[PDB]
Amino acid sequence: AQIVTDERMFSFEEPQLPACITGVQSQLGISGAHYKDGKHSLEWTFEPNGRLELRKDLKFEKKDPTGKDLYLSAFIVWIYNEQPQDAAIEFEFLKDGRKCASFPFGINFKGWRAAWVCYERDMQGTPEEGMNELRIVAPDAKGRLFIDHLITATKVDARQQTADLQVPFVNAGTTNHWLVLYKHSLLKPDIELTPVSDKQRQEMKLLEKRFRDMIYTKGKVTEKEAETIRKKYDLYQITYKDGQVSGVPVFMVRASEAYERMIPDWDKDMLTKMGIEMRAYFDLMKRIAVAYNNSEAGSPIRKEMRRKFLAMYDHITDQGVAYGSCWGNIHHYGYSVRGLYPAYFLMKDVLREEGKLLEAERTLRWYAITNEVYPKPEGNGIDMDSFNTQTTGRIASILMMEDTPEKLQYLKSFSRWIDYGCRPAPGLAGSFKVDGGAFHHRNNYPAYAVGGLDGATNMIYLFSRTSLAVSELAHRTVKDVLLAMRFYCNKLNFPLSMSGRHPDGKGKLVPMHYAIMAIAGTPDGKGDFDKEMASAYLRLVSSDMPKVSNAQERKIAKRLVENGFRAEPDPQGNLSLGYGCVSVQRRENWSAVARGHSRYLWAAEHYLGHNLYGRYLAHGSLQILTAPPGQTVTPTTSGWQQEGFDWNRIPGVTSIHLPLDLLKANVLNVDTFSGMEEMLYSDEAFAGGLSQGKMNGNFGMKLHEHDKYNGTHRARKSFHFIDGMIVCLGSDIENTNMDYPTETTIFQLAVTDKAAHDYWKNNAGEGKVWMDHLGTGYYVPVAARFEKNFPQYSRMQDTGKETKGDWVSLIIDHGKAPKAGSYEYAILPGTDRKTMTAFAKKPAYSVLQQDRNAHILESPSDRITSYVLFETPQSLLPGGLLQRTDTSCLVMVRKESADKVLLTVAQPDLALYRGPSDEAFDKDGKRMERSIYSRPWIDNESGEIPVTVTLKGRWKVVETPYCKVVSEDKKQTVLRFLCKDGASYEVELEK
Ligand SMILES: [Ca+2]
């Protein structure tokens, strides 16, 4: 049966020809030899310059004059050619006598090709409402064509029609990355052609082995697997008639958009529901290709799978999956075509034997848009989504080629593309950053990074230890990103604040990335294995020879253990992500992760039905990820679950406690640069941390909630990470909300097991000293309120459905509409009762100042002075050594002895733009919501900011490109730091 029956739809399934179709100097007939729908098509056998005339009301309708409806009326056909001709058909559309619109259609192809052409945009001339004739003018030569699936005119999503070799003129304006297969296939290389050397030929052989092993591992073909294959394959009804291939027509899902304005009950996924879509088809081909490689040479099953693969190949190529073919509409083809590339690659040698390899090679190159690899990168970094989706297809298509100089040129081009793609990207752009941050949607986004890393990681390894290897810079950048991720995840899970739009506590890092990079070798190429990567890997899969599921990962892991590699100890020290506004302190097995936001970096991503209540995720959050020594750190072990969680009381934040219906994100489409999303960045540049000797550090932020919600709410918050202690300081907390209280939350923890319930039965706890059921201590000198809510009510992050759980909370109660609120408390994770009582009697720190100007603090035992300087300090700074500062910044001083001092400085202002905050103001003076994508500075290089420090006494320093001594006398020593990227710059001082 033909899908969709309509007066405008010509499918030729009737025994007699339609009376309205007549042929001039040509013969017409119903043929069953080729068909795109039903079981028949129109055979049009023509003499030179013969016409095919369809005399019926074409039912073209002019575009909506109001502009409300953007759909354009389109003509749609499928043409079949048995004999390719270096010529073109002309399509003519006439009202009564005269032609109004026309378009050319190339016929230099074998098989089915489509054309979706919009009357108003893509056609020559001007279309008219009421035209009632279709002419198909043949070229000045004889030949034959089969016509099927002809829709005269119907309204269609105007964005989606794609150009190819048959219709290069279609949608000339578009820059849609999905639709530019033809445009970008025309691109030419700039890397010069060279012949292939013996070493280079062996290297290409090596990339193929590496790639085959990557997508495939030898296995067994079960009787069940074989029966499933036969059942799925038979439904396609692939058969041969007089040398011609036919079978059930296969479309890619979006081809349904043709019938959108045609059927009342339209379903976008109707073709998938019919088993007629491409994903299933190419999935089966992969399935069969795998089965062939898992069978003994000369066996009946191997011959059977070889036979089935080729039959499926012939049919899909006949249907139009070939070079220079885009089926009229190709948007979002990526997902349907995922199986294509591995299926064809696994079947290289057999395709060559059949004389079909060159063809196969070209179709892969076409659909992977491999020529996009030709251009010289203009800068560092590419879209994370490129690494995520474009790597597999492109590399497979290149490995399909014969060992020719053209293949080497492609390889050189591909390596160059990956190389610059991995390099530190500027601003909020690219993929990877100098400090280890990984960007997508213009912030650090682990959930997306994870997918992008798959590509980058796999391609680095593929090209590794070879003349085509990527630069040290590219290799080290990705390595550092992975090392950072291992640091801020604990053990494998993303922290809550870094969950993006999925705060479900499920997102994890991928151990594979580490194992792949371990066998990639050191970034310089001098080491066969990467030691840091290997031991990082073995920690992440440590059981507590490891146990793993994925076959190719198990192979690598076996190699690493045999080569004597052991698991990492839990990473120690301090991380500061300038790109992402995150600081992490790590001692023992625990971690403390701080996250804020700036005028460059958004607080939280809100989508429809995703992350409804996460407004406060970056309001200076501080999550403690922990577990009893010996057990793996999990959100569950760190005292977090989704059900029952008070979304207002994100650990560490200063926020106004709202009812969930008021806390929910009011998601809007704010401008043309975005969709239904909320991504709120502040108007303050001062947010970030410093990292001293990768061991300790501090964090500071000027918190300022967006005017969309509680815009009066602002605060100065700081974190000070000294050894196994995190001291939290706050001042200048203020808002004008008199309906709901402002709170900083010391901790909010889930009570799950029996032992947790028994611990809280009467635990007071004191006193100036608290200790939870997870073994972490809290020194709280200020007045604080304790809540034991068994149970506590909340809602799901996505669905909003009511959830409950047993929760325990300690909060610092600022009033309703505070004027100048403040707090001071310290967190010591993985401690004991004894240390805590001793800490209460003699705190290991002393506050030097705590106001709008600065939060300064020292620890005599650790020999450390911490400076969070919010403003230029007009006055002599406390501490004894650091006297004055040029501009608002972060400083930390460590005293080795009276003679040796370690000085470290950071400038949290990323400086993507230089002036006052980029803002669009209201009639009343409120900040207007504008999506980050709309800002013109999002790709800017981080600006250099000079920071000058004044130090007491004579000091000698070794000069660096980033640190210079400016002025010097008997009393003072001033130094100038050249700051970038929110990075931490440090120097060693000697008296
Ligand atoms: Ca038909």
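The numbering of chain A matches Swiss-Prot: 14-557, 568-1014, in order.
Going by what the header records, the deposited coordinates were determined by X-ray crystallography, 2.8 Å.
Using the three backbone atoms N, Cα and C, a Cβ is placed for every residue, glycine included.
Among the candidates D135, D153, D161, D170, the residue that Swiss-Prot annotates alongside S24, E26, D50, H53 as binding Ca(2+) is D161. No coordinates are deposited for the 10 residues that fall between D557 and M568. The C-alpha atoms bordering this gap are 12 Å apart. Selection of the recorded positions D50, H53, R514, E628 by a Cβ distance under 6 Å from ligand 1 yields, in sequence order, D50, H53.
It is 11 Å from the Cα atom of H454 (active site, proton acceptor) to that of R514 (site 'Transition state stabilizer'). Sequence-distant contacts (6 or more apart, same chain, Cβ under 8 Å) of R172 (site 'Important for catalytic activity against all substrates') comprise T187, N189, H344.
Using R514 (site 'Transition state stabilizer') as the reference Cα, a 10 A cut-off selects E628 from the recorded positions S24, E26, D50, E628. Residues within less than 8 Å, Cβ to Cβ, of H345 (active site, proton acceptor) and separated from it by at least 6 positions along the same chain comprise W191, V266, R267. Around the Cβ of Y461 (active site, proton donor), the same chain contributes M397, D398, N401, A451, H453, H454, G513, each under 8 angstroms and 6 or more positions distant in sequence. Each residue in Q15, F23, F25, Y48, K49, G51, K52, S54, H162 lies on the same chain as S24, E26, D50, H53, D161 and has a C-beta within 8 Å of the C-beta centroid of that Ca(2+) site, without being one of the site residues.
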